[PDB]
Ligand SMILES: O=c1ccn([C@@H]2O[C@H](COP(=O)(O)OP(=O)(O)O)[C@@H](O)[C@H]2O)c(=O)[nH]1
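Consider the single chain below, provided in structure tokens and representing the form deposited without ligand UDP.
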């Protein structure tokens, strides 16, 4: 039974799992799983647990809290101070990190600050398989110059670079160890799918707070008084612009969202900006959920990507909003996207070479 360590800026305990949490759920099923949280913070409710191991759903969690963390100042002239701060951070891992590294068979570094600990991992445990999970491009996160360089530096020495999107590969300075392993879905999405939460009529759903654009709903609700818009986990309340045909929900647990997704007529990824990476079309978790069911989606043009059943609009552009919805209403529901479950996904994250279709560069 292999022992796993996940390094990330998430904490495993934060409600509303991201991709890394779902992977970590799978790791916990396979072996001793540790999850070692790095870097107003979402993790503040956990502050009284800082610097101690807490067990959560079978995972050993640690929220490392230093006085200051290294970060991108976004000031070219402050760059030697940054590098100094990152080097310092990197040079003072807590004993607990070091111990967990020693104990691991596999260390997973999520894209971001975790990069600063790859060299450390190799010194502490050269036998550990080093898996980098590129949940995001470094440039999108806008990491400090130090993290980019360090990543370019260490990237070839990683055992696995598991990119959520092949579109991530251009900015990854390595080849032989770069694989494509997109997000999984819950193995029982279709079982969670229902009973239906909706009565008669036309229902559209949006889930998640990422770049949440209320203006989408302001326009859409007015233009489609016959569509009921279910806005879940927007991170926001009832925008005063919403028509009465918008229902605003608090944060819902993933499982409870599923019925609202399966039984909608179309879904919506209402990102307020198109200043988004090209890979977001692949890496969007909500879009994936919609895609699993063949639910037509309305989303900005920037995240349609290479996908059928996605109707682009320009945020801020009422007409394009209307036009995309008009098409999403008439789109047939077809499961175009192949969606591996989280377990099958975690299998390729960990051993992509055993699944040679994941290779992004010429095979051995």
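Positions refer to the first chain, counted from 1.
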| property | result |
| --- | --- |
| Unmodelled deposited residues flanked by residue 337 on one side and residue 338 on the other | none |
| Mean C-alpha B-factor comparison - 143-151 and 236-244, higher one | 143-151 |
| Between the two ranges 189-197 and 260-268, the one averaging a larger CA B factor in the entry | 189-197 |
| Most elevated Cα B-factor in the entry, residues 161, 255, 281, 220 | 255 |
| Maximum C-alpha temperature factor, selected from 75, 180, 129, 95 | 75 |
| Residue 215 CA temperature factor, ranked by third within the chain | middle |
| Ranked against its chain, the third holding the CA B-factor of residue 209 | middle |
| CA B-factor placement of residue 330, once the chain's modelled residues are sorted into thirds | highest |
| Chain thirds of CA B-factor: placement of residue 308 | highest |
| Record-listed C-alpha B factor of residue 226: chain third | highest |
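From this point on, the text means the form deposited with ligand UDP bound, which you will not see here.
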| item | value |
| --- | --- |
| Heavy atom distance at most 4.5 Å to ligand UDP in the deposited complex, all of 133, 180 and 350 | no |
| 142, 275, 209, 191 - the one with a heavy atom within 4.5 Å of ligand UDP in the deposited complex | 209 |
| The unique member of 233, 166, 243, 93 whose heavy atoms fall within 4.5 Å of ligand UDP in the deposited complex | 233 |
| Partner-facing stretch of 81-89, 249-257, 109-117, 217-225, counted where any non-hydrogen atom is within 4.5 angstroms of ligand UDP in the deposited complex | 249-257 |
| Contact flag, residue 285 vs ligand UDP in the deposited complex, heavy atom cut 4.5 Å | yes |
| Ligand UDP contact at residue 16 in the deposited complex, heavy atom, 4.5 Å | yes |
| Any non-hydrogen atom of residue 289 within 4.5 angstroms of ligand UDP in the deposited complex | yes |
| Heavy atom of residue 271 within 4.5 Å of ligand UDP in the deposited complex | yes |
